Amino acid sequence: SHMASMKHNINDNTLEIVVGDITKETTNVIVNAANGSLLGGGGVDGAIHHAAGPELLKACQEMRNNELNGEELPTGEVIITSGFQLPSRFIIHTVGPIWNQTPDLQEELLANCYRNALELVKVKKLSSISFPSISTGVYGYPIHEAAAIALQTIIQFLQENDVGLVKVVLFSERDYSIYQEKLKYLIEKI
């Protein structure tokens, strides 16, 4: 029942980090750590598909067959679907880098997930979004490095743009603790 949280205001925006389950967030948008196929998986992708219900998979399949003409979603890029049975209005699906598959591009590619998702929130005039810890599960990205990239990217975006609320939802107290220390470090540098 205790779930740690902390927040920081950046101009008129708010950045919050929390322990929780992203499928229970009532932000306008939640972000899925997907794979290029968009057909689901385990971890957060599996949780989102289970919570959203079977209409999500159908929607992803139709997006693959029509708008993508069978192509997979590239690493760092985003697509948007409805939230279906989630408490959110939309799901932004992204694909994080698989750790050390492309060592010279992966920091940029991870940042892209966050920047592209936030640009889409801006475009659609949505005012709240939740992120998971993209790429730090099965994709193997070290949490200390990923948390730095995630937070630096979000902070920079919120310094330069009006968005609203950005939440990072950590699934463990271990990840939360690391995020908290990184966020505090980054705030002191502002």
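From 1 onward, residues are counted along the sequence shown.
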I need to verify one thing: averaged over C-alpha atoms only, is the B-factor higher for 55 to 63 or for 137 to 145? 55 to 63
Stretch with the greater mean C-alpha B-factor as recorded in the entry, comparing 102 to 110 against 89 to 97: 102 to 110
Just grab whichever of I10, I22, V166, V18 has the top CA B-factor as deposited. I10
So where's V78 on the chain's Cα temperature factor ranking, which third? middle
Assert third(CA B-factor, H49) within chain per record equals lowest
Divide the modelled residues of the chain into thirds by Cα B-factor and specify which third, lowest, middle or highest, holds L39. highest
CA B-factor placement of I155, once the chain's modelled residues are sorted into thirds: middle
Third of the chain's Cα B-factor distribution that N28 belongs to, per the entry: middle
